[PDB]
Amino acid sequence: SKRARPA
Amino acid sequence: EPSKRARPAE
Amino acid sequence: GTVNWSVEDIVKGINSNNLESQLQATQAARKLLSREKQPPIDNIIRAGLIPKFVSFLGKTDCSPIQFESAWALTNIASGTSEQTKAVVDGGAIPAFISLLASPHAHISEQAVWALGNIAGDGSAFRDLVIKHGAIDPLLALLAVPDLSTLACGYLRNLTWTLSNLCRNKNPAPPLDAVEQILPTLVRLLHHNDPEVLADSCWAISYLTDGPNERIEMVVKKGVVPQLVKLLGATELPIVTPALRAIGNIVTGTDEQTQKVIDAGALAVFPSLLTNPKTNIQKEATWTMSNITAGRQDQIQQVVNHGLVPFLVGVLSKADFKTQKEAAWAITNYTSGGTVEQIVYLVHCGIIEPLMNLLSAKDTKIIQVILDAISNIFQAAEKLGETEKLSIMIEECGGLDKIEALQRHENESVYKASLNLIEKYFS
């Protein structure tokens with residue numbers, strides 16, 4: 001559930 | 001953050 | 001003397017085959033190209049001057065014309081991709097690499113600068129500069145007992161150029177190039193010049209922006225403690241890339257994330273999560289969300305460091321995009337945390353600002369928040385205290401907000417709501 005940085 | 005840099009006039 | 005020439009006159013001088021005439025005309029071109037307001041890069045390209053400038057780079061007997069043409073081409077390569085491509089198309093890459101070994105420091109520096117602009121255009125030119133063998137001679141310029149003996153400007157340019165060899169993706173830089181550059185970068189990361197530290201941090205942030213294997217190459221070099229130290233710097237230009245690198249690392253494995261916690265990073269978050277720069281707060285909150293996505297012992301450290309009140313604070317008042325990251329942080333925490341940790345979140349006052357954000361227009365944050373409420377409720381179930389939480393939610397206007405969400409467009413939104421209402425608010 002780690003997320004990439006937002007745009 | 002700019003990936004290019006011009007060398008300016010002194 | 002060489003001030004304000006026309007392009008016509010520059011061409012005339014450059015085509016004269018009198019090397020001193022060519023030198024004066026090249027300097028005239030350097031001056032035009034180094035003016036701030038609309039340097040006439042396209043006119044110089046169209047006049048066919050790039051091949052001449054590139055040939056001048058090889059004139060070992062006339063170092064002034066090597067310098068002038070290196071400067072002129074640096075400034076063309078600093079422009080659009082099409083302008084940089086004109087420079088590469090004229091053969092400038094190997095000619096600049098050869099100048100890296102010039103006995104004249106100002107010429108070597110200018111070649112470092114030009115290659116930084118070429119490599120900075122994107123992955124393809126970056127990798128082409130690497131294929132022409134730029135790394136070995138660039139690193140040799142930094143192979144000194146103490147970096148403090150180098151001229152400050154020269155070291156800053158070398159650091160910046162190395163950072164562009166680390167930059168960009170699809171593809172990321174060749175693994176062997178990264179391994180070759182890293183020991184020098186680690187050393188620059190310990191240098192005391194604020195601009196070298198910033199660009200070293202940028203380089204590390206690029207190298208950690210990728211899959212876990214790329215992060216590991218960097219973490220294995222032992223740089224995490226120094227990054228955490230720089231996170232605490234007063235200079236925003238250093239804090240920004242040091243924080244991006246730290247955030248990148250915590251997107252990796254639980255073990256990579258633990259290195260960041262072990263190095264003391266969490267103690268810096270009270271300040272980061274209240275930082276006046278919106279971008280720092282948002283990045284710091286995103287980073288917190290990836291840590292609360294971690295193991296229960298890592299969530300416990302977020303608690304121990306007093307960071308849950310700071311997350312409540314950002315949820316209560318922050319730029320919307322930051323509040324969105326805070327919402328994720330909460331949902332991740334409640335998804336992974338123990339019931340004790342979850343109860344603690346409620347005791348810190350999470351419920352009211354979570355409810356308030358249910359009025360958000362953004363659909364995705366609604367889903368995230370409803371997910372967290374469901375998780376909190378499941379914790380309450382295990383304790384038999386579902387009813388107390390229901391009242392808390394109703395009291396702060398949250399039930400009104402949820403009931404209304406049954407008339408939302410999105411399926412998941414309406415479904416998740418009605419489930420909450422029918423299961424907890426009969």
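Listed as the method for this PDB entry is X-ray crystallography; the listed resolution is 1.880 Å.

When helices and strands are tallied, chain C shows 28 helices and zero strands. A globule of 426 residues ought to have a C-alpha radius of gyration of about 22 Å, yet chain C, at 28 Å, is considerably larger. Overall, chain C is about 95 × 45 × 30 Å in size when its C-alpha atoms are taken along their principal axes. Classification of the 426 residues of chain C by burial places 56% in the buried group. Taking contacts inside chain C between residues at least 6 apart in sequence as the whole, the part at least 24 apart equals 68%. Here chain C has roughly 17900 Å² of accessible surface; of this, 50% comes from carbon and sulfur atoms.

With that settled, consider the interface of chain C and chain B. With 23 residues of chain C at the contact, the number on the chain B side is nine residues. Taking both sides of the interface into account, the surface hidden between chain C and chain B amounts to around 1300 Å²; carbon and sulfur atoms contribute 45%. Summed over the shared surface of chain C and chain B, the result is two salt bridges. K4(B) is the partner of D121(C) in a salt bridge, and the nearest nitrogen-oxygen pair spans 2.8 Å. Taken together, the connections running from chain C to chain B amount to 13 residue pairs in polar contact. Of all the elements in the fold, those that place two or more residues in the side of chain C that touches chain B are α5 (63–77), α6 (81–89), α8 (105–119), α11 (152–166) and α13 (194–207) of chain C. Per element, the largest residue contribution to the side of chain C that touches chain B is five residues, and it comes from α5(C).

Checked against the element boundaries, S34(C) lands in the loop between α2 (19–33) and α3 (41–46). Classification of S34(C) by relative accessible area gives buried; the value is 7%. Within the structure, the side chain of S34(C) is placed 2.9 Å from the backbone oxygen of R30(C), a separation counted as a polar contact. Setting aside chain neighbours within four positions, we find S34(C) in contact with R7(B), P8(B), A9(B), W71(C) and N75(C).

This paragraph deals with the interface of chain A and chain C. Quite often, the size of an interface is put as the accessible area lost when its parts meet. Contacts between chain A and chain C engage six residues on the former and 15 residues on the latter. Both faces combined, the contact of chain A with chain C buries some 910 Å², and carbon together with sulfur accounts for 37% of it. Counting the surface chain A buries against chain C, the share from its top three residues, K2(A), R3(A) and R5(A), is 84%. At the junction of chain A with chain C, the criterion picks out two salt bridges. Measuring nitrogen to oxygen at the nearest pair gives 2.6 Å for the salt bridge that ties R5(A) to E283(C). Run the count over chain A and chain C and you get 11 residue pairs in polar contact.

Residue and element names in this part refer to chain C. Taken N-terminus to C-terminus, the directions of helix α22 (residues 320–336) and helix α25 (residues 363–383) make an angle of 30°; their axes are 9 Å apart at the nearest point. Relative to α25, the element α22 is oriented roughly parallel. Taken as a pair, α22 and α25 cross one another with a handedness that is left-handed. Between α22 and α25, the residues in contact are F320, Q323, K324, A327, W328, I330, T331, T334 and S335 and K364, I365, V368, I369, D371, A372, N375 and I376, respectively.

All names here are of chain C. Evaluated as defined, the whole model comprises four aromatic pairs over all chains. Look at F377 and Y424: their rings are 3.9 Å apart centre to centre, the planes differ by 5°, and that puts the pair in the stacked class. On the criterion of sequence distance, the pair formed by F377 in helix α25 and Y424 in helix α28 (residues 411–424) is long-range, its members being 47 residues apart. A relative accessible area of 0% means that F377 is categorised as buried. Site record: aromatic cluster; members linked through ring pairs are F377, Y424 and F425.

Residues and elements named next belong to chain C. Relative orientation of the contacting elements α2 and α5 amounts to 30°, with a least axis distance of 9 Å. With respect to α5, the element α2 is oriented roughly parallel. α2 and α5 meet at a crossing whose hand is left-handed. Mapping the contact onto sequence places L19, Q22, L23, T26, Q27, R30 and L33 in α2 and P64, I65, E68, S69, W71, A72, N75 and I76 in α5.

Let's shift gears to helix α26 (residues 386–395) of chain C. Residue and element names in this part refer to chain C. The set of residues buried in α26 consists of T386, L389, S390 and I393. For α26, the buried positions fall inside an angular range of 105° around the axis, keeping them on one side. Turned more than 90 degrees from where α26 packs its buried face, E387, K388 and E395 sit exposed. At its buried positions, α26 is contacted by α24 (351–356), α25, α27 (398–405) and α28. Just downstream of α26, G397 is the residue with a positive phi angle, here 90°.

What follows deals with the pattern of salt bridges. Within the structure shown, the criterion is met by 18 salt bridges over all chains. Taking the shortest distance from any N to any O, the salt bridge between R3(A) and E325(C) comes out at 2.7 Å. For the residue pair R3(A) and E325(C), the accessibility class agrees, reading buried in each case. Notably, a salt bridge pairs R407(C) with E403(C), separated by 2.3 Å at the nearest N-O pair. Because the salt bridges share partners, they merge into one network encompassing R5(A), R244(C) and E283(C).

About the criteria used
- Residues numbered from 1 in each chain as written, not as in the entry; some residues may be left out.
- Chains lettered and ligands numbered in written order.
- Heavy atoms only, no water.
- Helix = DSSP H or I, 4+ residues; strand = E, 2+ residues; numbered from the N terminus.
- Rg over C-alpha atoms; globule rule 2.2 N^0.38 Å.
- Buried < 20%, exposed > 50% of the residue type's maximum accessible area, 1.4 Å probe, protein only.
- Contact = heavy atoms within 4.5 Å.
- Areas by Shrake-Rupley, 256 points an atom, 1.4 Å probe, with all protein chains shown as cover.
- Buried area = accessible area lost by both parts, 1.4 Å probe.
- Salt bridge = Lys/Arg side-chain N within 4 Å of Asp/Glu carboxyl O.
- Polar contact = N/O pair within 3.5 Å; in protein donor to acceptor, adjacent residues only side chain to side chain.
- Axes fitted to C-alpha atoms, helices over the stretch in contact; angles between N-to-C directions.
- Parallel < 35°, antiparallel > 145°, perpendicular 65-115°, else oblique.
- Left-handed = near helix turned anticlockwise from the far one by under 90°.
- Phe/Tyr/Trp six-rings, centres within 6.5 Å; stacked < 30°, edge-to-face > 60°.
- Arc of directions from axis to C-beta.

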